[PDB]
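**Student:** Dropping a structure here in structure tokens format, bear with me for questions.
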Amino acid sequence: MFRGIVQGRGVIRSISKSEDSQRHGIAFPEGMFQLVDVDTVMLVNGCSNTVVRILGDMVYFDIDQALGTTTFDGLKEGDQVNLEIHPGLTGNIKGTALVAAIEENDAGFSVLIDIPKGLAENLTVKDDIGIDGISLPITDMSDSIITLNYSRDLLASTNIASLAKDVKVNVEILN
Ligand SMILES: Cc1cc2nc3c(=O)[nH]c(=O)nc-3n(C[C@H](O)[C@H](O)[C@H](O)CO)c2cc1C
């Protein structure tokens, strides 16, 4: 099982799209490409993907089975991704959700996400949830909008700098 603790972030460098899937070539951060190889199953934005090819710090994943309930087909070259290598999150993304709002501040970012009933209707505060590979506790909830707090230090190792109103994220429902 995964911790939902992002070890570092990669940058999508290449994306070859074909009729069935898309081959994403992700440039990994120093130290992470040495910990994986072909057949390695890891978490990219919290989604279980299998390394299909690797050369230096360029890691490739064929993204297909996940294309329909994930955010991958909407990412482009240059985008940052959260990365986690195995040793809680299973890596099976339930679906996609949008950032309803986001309030930055000294401490960190209070991000509001509108969770559709299609993903889960039985959410309670204090529960954990995975957003793009980051496991966080639901600090607050009102109907379908949940509130999660992001520590500012995350900007150094995660993709969170891309969160804005209406930005789509991978959601994994826990427990
Ligand atoms: C071991 C394992 C490997 C997987 N590899 C891929 C993959 O290479 N490409 C993909 O699109 N989906 C893959 N999936 C499915 C995806 O990670 C995710 O769980 C769901 O597709 C989200 O709807 C994999 C799932 C597991 C359990």
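Following the order of the structure tokens, chains are lettered A, B, ..., residues in each are numbered from 1, and ligands are numbered from 1.
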Residues near residue A:45, anyone? I mean within 7 Å using only C-alpha atoms, not counting same-chain ones fewer than 6 positions away, as an mmCIF file with C-alpha atoms, in the first residue's frame.
**Tutor:**
data_model
loop_
_atom_site.group_PDB
_atom_site.id
_atom_site.type_symbol
_atom_site.label_atom_id
_atom_site.label_comp_id
_atom_site.auth_asym_id
_atom_site.auth_seq_id
_atom_site.Cartn_x
_atom_site.Cartn_y
_atom_site.Cartn_z
ATOM 1 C CA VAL A 81 2.968 15.386 -11.458
ATOM 2 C CA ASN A 82 3.020 13.919 -7.965
ATOM 3 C CA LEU A 83 5.056 10.719 -7.683
ATOM 4 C CA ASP A 132 -3.634 13.653 -6.813
ATOM 5 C CA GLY A 133 -1.702 11.266 -4.583
ATOM 6 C CA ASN A 170 -7.722 12.572 -9.214
#
**Student:** Go through stretch 111-138 of chain A and flag each residue having an atom no more than 12 Å from stretch 84-94 of chain A; for those, report the closest pair of atoms plus their distance in Å to one decimal, using only C-alpha atoms, ordered by chain and rising number, as a tab-separated table.
**Tutor:**
residue	atom	partner	partner_atom	distance
A:115	CA	A:94	CA	11.2
A:116	CA	A:94	CA	11.1
A:117	CA	A:94	CA	11.5
A:118	CA	A:94	CA	9.1
A:119	CA	A:94	CA	6.3
A:120	CA	A:94	CA	8.9
A:127	CA	A:88	CA	11.8
A:128	CA	A:88	CA	8.7
A:129	CA	A:89	CA	8.7
A:130	CA	A:89	CA	7.0
A:131	CA	A:93	CA	9.3
A:132	CA	A:93	CA	9.1
A:133	CA	A:84	CA	7.5
A:134	CA	A:89	CA	8.8
A:135	CA	A:88	CA	7.2
A:136	CA	A:88	CA	10.0
A:137	CA	A:88	CA	11.6
**Student:** Check every protein, DNA and RNA residue against ligand 1, keep those with an atom at most 7 Å away (counting only C-alpha atoms and all ligand atoms), and present them as a short mmCIF file (atom, residue, chain, number, x, y, z; two decimals) with N, CA, C and O atoms, in the first residue's frame.
**Tutor:**
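Ended up saving to pocket.cif:
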data_model
loop_
_atom_site.label_atom_id
_atom_site.label_comp_id
_atom_site.auth_asym_id
_atom_site.auth_seq_id
_atom_site.Cartn_x
_atom_site.Cartn_y
_atom_site.Cartn_z
N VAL A 41 5.27 -0.62 -10.50
CA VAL A 41 3.93 -0.07 -10.40
C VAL A 41 4.02 1.03 -9.36
O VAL A 41 4.27 0.75 -8.19
N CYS A 47 -2.45 7.72 -9.15
CA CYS A 47 -2.99 6.66 -9.99
C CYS A 47 -1.96 5.56 -10.28
O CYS A 47 -0.86 5.85 -10.76
N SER A 48 -2.32 4.32 -9.99
CA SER A 48 -1.41 3.20 -10.24
C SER A 48 -1.04 3.10 -11.72
O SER A 48 -1.89 2.86 -12.56
N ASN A 49 0.18 3.33 -12.07
CA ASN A 49 0.63 3.16 -13.44
C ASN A 49 1.83 2.22 -13.54
O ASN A 49 2.49 2.02 -12.45
N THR A 50 2.09 1.60 -14.62
CA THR A 50 3.20 0.68 -14.72
C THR A 50 4.27 1.21 -15.65
O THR A 50 3.99 1.52 -16.81
N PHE A 61 5.02 5.82 -19.21
CA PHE A 61 3.86 5.06 -18.78
C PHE A 61 2.85 5.06 -19.93
O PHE A 61 2.64 6.10 -20.55
N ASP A 62 2.27 3.91 -20.23
CA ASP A 62 1.25 3.87 -21.25
C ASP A 62 -0.03 4.07 -20.46
O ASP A 62 -0.40 3.25 -19.62
N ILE A 63 -0.70 5.19 -20.71
CA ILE A 63 -1.93 5.50 -20.01
C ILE A 63 -3.12 5.25 -20.92
O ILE A 63 -3.30 5.95 -21.91
N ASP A 64 -3.92 4.24 -20.58
CA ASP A 64 -5.11 3.87 -21.35
C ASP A 64 -6.29 3.46 -20.47
O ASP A 64 -7.33 4.13 -20.46
N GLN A 65 -6.15 2.36 -19.76
CA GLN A 65 -7.20 1.85 -18.87
C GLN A 65 -7.71 2.95 -17.93
O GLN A 65 -8.86 2.92 -17.50
N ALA A 66 -6.83 3.90 -17.61
CA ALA A 66 -7.14 5.00 -16.70
C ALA A 66 -7.66 6.28 -17.36
O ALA A 66 -8.20 7.15 -16.69
N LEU A 67 -7.50 6.39 -18.67
CA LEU A 67 -7.92 7.57 -19.41
C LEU A 67 -9.33 8.11 -19.15
O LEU A 67 -9.55 9.32 -19.19
N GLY A 68 -10.28 7.23 -18.87
CA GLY A 68 -11.65 7.68 -18.68
C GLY A 68 -12.12 8.15 -17.32
O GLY A 68 -13.18 8.76 -17.21
N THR A 69 -11.35 7.87 -16.27
CA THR A 69 -11.76 8.27 -14.92
C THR A 69 -10.61 9.00 -14.24
O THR A 69 -10.56 9.12 -13.02
N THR A 70 -9.71 9.50 -15.07
CA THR A 70 -8.52 10.16 -14.58
C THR A 70 -8.33 11.52 -15.27
O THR A 70 -9.10 11.88 -16.17
N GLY A 91 -4.20 3.43 -4.94
CA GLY A 91 -3.83 3.86 -6.27
C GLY A 91 -4.96 3.73 -7.29
O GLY A 91 -4.80 4.11 -8.44
N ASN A 92 -6.09 3.16 -6.87
CA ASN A 92 -7.25 3.02 -7.74
C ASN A 92 -8.15 4.25 -7.70
O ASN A 92 -8.95 4.42 -6.78
N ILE A 93 -7.95 5.16 -8.64
CA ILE A 93 -8.73 6.39 -8.65
C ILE A 93 -10.23 6.13 -8.86
O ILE A 93 -10.64 5.44 -9.81
N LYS A 94 -11.03 6.67 -7.96
CA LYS A 94 -12.48 6.53 -8.02
C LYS A 94 -13.05 7.34 -9.17
O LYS A 94 -13.93 6.90 -9.89
N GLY A 95 -12.52 8.55 -9.32
CA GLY A 95 -12.97 9.41 -10.38
C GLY A 95 -12.32 10.78 -10.32
O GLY A 95 -11.34 11.01 -9.60
#
**Student:** Residue A:109: which residues within 7 Å, counting only C-alpha atoms, same-chain residues fewer than 3 positions away excluded, as a list in words?
**Tutor:** residues 102, 103, 104, 105, 149, 150, 151 and 152 of chain A
**Student:** Considering only C-alpha atoms, can you say which of A:125, A:51, A:12, A:26 comes closest to residue A:38?
**Tutor:**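 Closest residue, counting only C-alpha atoms: A:51.
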**Student:** Check chain A with DSSP on the backbone and list each residue it calls strand (DSSP E), as a ChimeraX atom specification.
**Tutor:** /A:8-17,22-27,41-44,47-55,58-63,80-84,95-103,108-114,128-131,134-137,140-142,145-151,168-173
**Student:** So, counting only C-alpha atoms, which residue among A:59, A:145, A:161, A:123 is closest to residue A:33?
**Tutor:**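 The shortest atom-to-atom distance to residue A:33 comes from A:59.
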**Student:** Contacts of residue A:162 at 10 Å or less, counting only C-alpha atoms, minus same-chain residues fewer than 5 places along, as an NGL selection string?
**Tutor:** :A and (79-81 or 155 or 167-168)
**Student:** Could you pull out the residues in chain A that DSSP calls helix (DSSP H, G or I) from the backbone, as a PyMOL selection string?
**Tutor:** chain A and resi 33-35+72-74+152-156+160-162
**Student:** Those same residues - N, CA, C and O atoms - I'd like them written as a PDB file, in the first residue's frame.
**Tutor:**
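Printed below is part_4.pdb as written:
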ATOM      1  N   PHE A  33      14.313   8.147 -10.180  1.00  0.00           N
ATOM      2  CA  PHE A  33      14.421   7.265 -11.342  1.00  0.00           C
ATOM      3  C   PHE A  33      15.294   6.033 -11.076  1.00  0.00           C
ATOM      4  O   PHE A  33      15.171   5.020 -11.770  1.00  0.00           O
ATOM      5  N   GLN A  34      16.155   6.112 -10.060  1.00  0.00           N
ATOM      6  CA  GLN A  34      17.033   4.994  -9.697  1.00  0.00           C
ATOM      7  C   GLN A  34      16.281   3.973  -8.845  1.00  0.00           C
ATOM      8  O   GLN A  34      16.753   2.853  -8.646  1.00  0.00           O
ATOM      9  N   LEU A  35      15.110   4.359  -8.348  1.00  0.00           N
ATOM     10  CA  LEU A  35      14.324   3.473  -7.503  1.00  0.00           C
ATOM     11  C   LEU A  35      13.248   2.709  -8.258  1.00  0.00           C
ATOM     12  O   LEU A  35      12.501   1.927  -7.667  1.00  0.00           O
ATOM     13  N   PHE A  72      -5.325  12.443 -16.741  1.00  0.00           N
ATOM     14  CA  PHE A  72      -4.224  12.356 -17.688  1.00  0.00           C
ATOM     15  C   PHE A  72      -4.426  12.884 -19.108  1.00  0.00           C
ATOM     16  O   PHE A  72      -3.534  13.559 -19.632  1.00  0.00           O
ATOM     17  N   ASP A  73      -5.565  12.604 -19.739  1.00  0.00           N
ATOM     18  CA  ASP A  73      -5.792  13.079 -21.105  1.00  0.00           C
ATOM     19  C   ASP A  73      -5.948  14.595 -21.214  1.00  0.00           C
ATOM     20  O   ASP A  73      -6.139  15.136 -22.305  1.00  0.00           O
ATOM     21  N   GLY A  74      -5.865  15.280 -20.077  1.00  0.00           N
ATOM     22  CA  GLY A  74      -5.988  16.727 -20.067  1.00  0.00           C
ATOM     23  C   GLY A  74      -4.698  17.422 -19.657  1.00  0.00           C
ATOM     24  O   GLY A  74      -4.627  18.651 -19.613  1.00  0.00           O
ATOM     25  N   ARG A 152       2.123  24.802   3.113  1.00  0.00           N
ATOM     26  CA  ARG A 152       2.929  25.539   2.137  1.00  0.00           C
ATOM     27  C   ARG A 152       4.204  24.813   1.672  1.00  0.00           C
ATOM     28  O   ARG A 152       4.630  24.976   0.526  1.00  0.00           O
ATOM     29  N   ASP A 153       4.816  24.031   2.560  1.00  0.00           N
ATOM     30  CA  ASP A 153       6.033  23.311   2.199  1.00  0.00           C
ATOM     31  C   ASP A 153       5.815  22.321   1.050  1.00  0.00           C
ATOM     32  O   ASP A 153       6.772  21.902   0.388  1.00  0.00           O
ATOM     33  N   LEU A 154       4.554  21.966   0.799  1.00  0.00           N
ATOM     34  CA  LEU A 154       4.204  21.040  -0.279  1.00  0.00           C
ATOM     35  C   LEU A 154       4.592  21.586  -1.649  1.00  0.00           C
ATOM     36  O   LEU A 154       4.809  20.825  -2.583  1.00  0.00           O
ATOM     37  N   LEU A 155       4.674  22.908  -1.762  1.00  0.00           N
ATOM     38  CA  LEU A 155       5.047  23.561  -3.018  1.00  0.00           C
ATOM     39  C   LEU A 155       6.434  23.113  -3.503  1.00  0.00           C
ATOM     40  O   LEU A 155       6.778  23.313  -4.669  1.00  0.00           O
ATOM     41  N   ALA A 156       7.218  22.511  -2.613  1.00  0.00           N
ATOM     42  CA  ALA A 156       8.557  22.085  -2.966  1.00  0.00           C
ATOM     43  C   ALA A 156       8.622  20.688  -3.546  1.00  0.00           C
ATOM     44  O   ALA A 156       9.578  20.339  -4.236  1.00  0.00           O
ATOM     45  N   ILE A 160       0.778  20.796  -6.462  1.00  0.00           N
ATOM     46  CA  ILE A 160      -0.219  21.741  -5.952  1.00  0.00           C
ATOM     47  C   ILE A 160      -0.186  23.171  -6.447  1.00  0.00           C
ATOM     48  O   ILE A 160      -1.199  23.868  -6.397  1.00  0.00           O
ATOM     49  N   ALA A 161       0.962  23.628  -6.922  1.00  0.00           N
ATOM     50  CA  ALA A 161       1.047  24.993  -7.436  1.00  0.00           C
ATOM     51  C   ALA A 161       0.117  25.180  -8.628  1.00  0.00           C
ATOM     52  O   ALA A 161      -0.119  26.304  -9.056  1.00  0.00           O
ATOM     53  N   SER A 162      -0.412  24.087  -9.169  1.00  0.00           N
ATOM     54  CA  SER A 162      -1.307  24.191 -10.316  1.00  0.00           C
ATOM     55  C   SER A 162      -2.783  24.235  -9.922  1.00  0.00           C
ATOM     56  O   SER A 162      -3.645  24.426 -10.772  1.00  0.00           O
TER      57      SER A 162
END
**Student:** I'd like to know which of A:60, A:174, A:111, A:96 is closest to residue A:13, using only C-alpha atoms.
**Tutor:** A:60
**Student:** Rounded to one decimal place, report the atom CA of residue A:16-atom CA of residue A:56 distance in Å.
**Tutor:**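 About the pair atom CA of residue A:16 and atom CA of residue A:56: they are 18.8 Å apart.
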